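All remarks here apply to the structure that follows.
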Amino acid sequence: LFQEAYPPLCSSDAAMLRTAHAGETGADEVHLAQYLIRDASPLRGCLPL
Amino acid sequence: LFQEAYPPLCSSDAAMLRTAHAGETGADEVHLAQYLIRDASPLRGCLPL
Amino acid sequence: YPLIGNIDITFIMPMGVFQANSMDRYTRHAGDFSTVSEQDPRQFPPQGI
Amino acid sequence: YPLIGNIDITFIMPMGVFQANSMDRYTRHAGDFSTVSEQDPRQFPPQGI
């Protein structure tokens with residue numbers, strides 16, 4: 001009814017989607033020409049990774 | 001019965017299997033062409049290193 | 001049983017977006033994701049998500 | 001005594017996997033594991049786990 005679509009956690013690179021600390025995921029938004037769109041859906045703290 | 005097998009803490013290199021902090025083990029995934037598979041078995045908080 | 005109702009959420013992701021602005025193609029550090037190639041395979045336009 | 005029963009857990013690790021994609025062979029820093037040799041002995045395909 002609002003005519004909108006929530007973007008999920010997506011990236012153009014599999015390397016930047018996960019960081020090396022045995023825990024949380026990556027947070028860099030753009031490295032050279034790739035991108036990481038952070039989660040804006042209502043499933044922020046849900047849907048385990 | 002689920003037809004599955006759990007990967008343990010394994011690496012292609014003994015260099016990245018341990019870090020220099022007098023404590024926890026290494027957690028980097030891939031260095032140049034080697035790799036380290038993080039522990040996904042039920043034995044996560046057991047079997048001391 | 002009612003009150004076990006369902007919801008619908010739509011997700012949107014771009015695939016082949018190339019950042020055309022030369023100022024927008026920036027890295028947060030110098031040696032972020034290095035390789036062995038003389039041309040880094042990340043300045044090329046993305047083809048997947 | 002019963003209730004001291006056993007379980008069987010099977011472990012799986014790959015051995016000779018070479019990451020064939022050139023974009024996947026990344027290092028997260030410049031001097032991650034430096035050496036003295038003019039050719040880095042980590043770009044070669046791995047042969048053990």
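If only one of D:19, D:47 is under 18 Å from the mean Cα position of the chain (by Cα), surrounded by 10 or more Cβ atoms within 10 Å (Cβ to Cβ) and without any contact (Cβ under 8 Å) to a residue 60 or more places away in the chain, which one is it?
Result of the check over D:19, D:47: D:19.
For segment D:2-9, check the following and say yes or no: at least one residue is within 14 Å of chain C (Cβ to nearest Cβ), small (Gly, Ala, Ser), more than 25 Å from residue B:9 (Cβ to Cβ) and in a loop (DSSP other than H, G, I, E, B).
The answer is no, given that none of the residues of segment D:2-9 is within 14 Å of chain C (Cβ to nearest Cβ), small (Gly, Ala, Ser), more than 25 Å from residue B:9 (Cβ to Cβ) and in a loop (DSSP other than H, G, I, E, B).
Taking the stated definitions as given, is residue A:7 within 14 Å of chain B (Cβ to nearest Cβ) and either of a type outside the set (A, V, I, L, M) or more than 11 Å from the chain's Cα centre (by Cα) (or both)?
no
Residues of segment B:27-49 being more than 23 Å from residue D:23 (Cα to Cα) and out of contact with any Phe, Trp or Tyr (no Cβ under 9 Å at 6 or more places or on another chain), which ones?
Hits for segment B:27-49 are B:44, B:45, B:46, B:47, B:48, B:49.
Within 9 Å of another protein chain (Cβ to nearest Cβ) and either free of Cβ contacts under 8 Å to residues at least 12 places away in the same chain or surrounded by 15 or more Cβ atoms within 10 Å (Cβ to Cβ) (or both): which single residue out of B:33, B:14, B:20 fits that description?
B:33 is the lone residue from the list that is within 9 Å of another protein chain (Cβ to nearest Cβ) and either free of Cβ contacts under 8 Å to residues at least 12 places away in the same chain or surrounded by 15 or more Cβ atoms within 10 Å (Cβ to Cβ) (or both).
How do the pairs read when you match residues in segment C:26-40 that are more than 9 Å from chain D (Cβ to nearest Cβ) with residues anywhere that are part of a loop (DSSP other than H, G, I, E, B), using Cβ under 7 Å and keeping only pairs 6 or more apart or on different chains?
Final answer for the pair search is C:27/A:31; C:27/A:32; C:28/A:28; C:40/A:32.
Rule-based calculations on the coordinates, nothing more; no lab input. All Cβ positions, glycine included, derive from the backbone under ideal geometry; neighbour counts span all protein chains shown.
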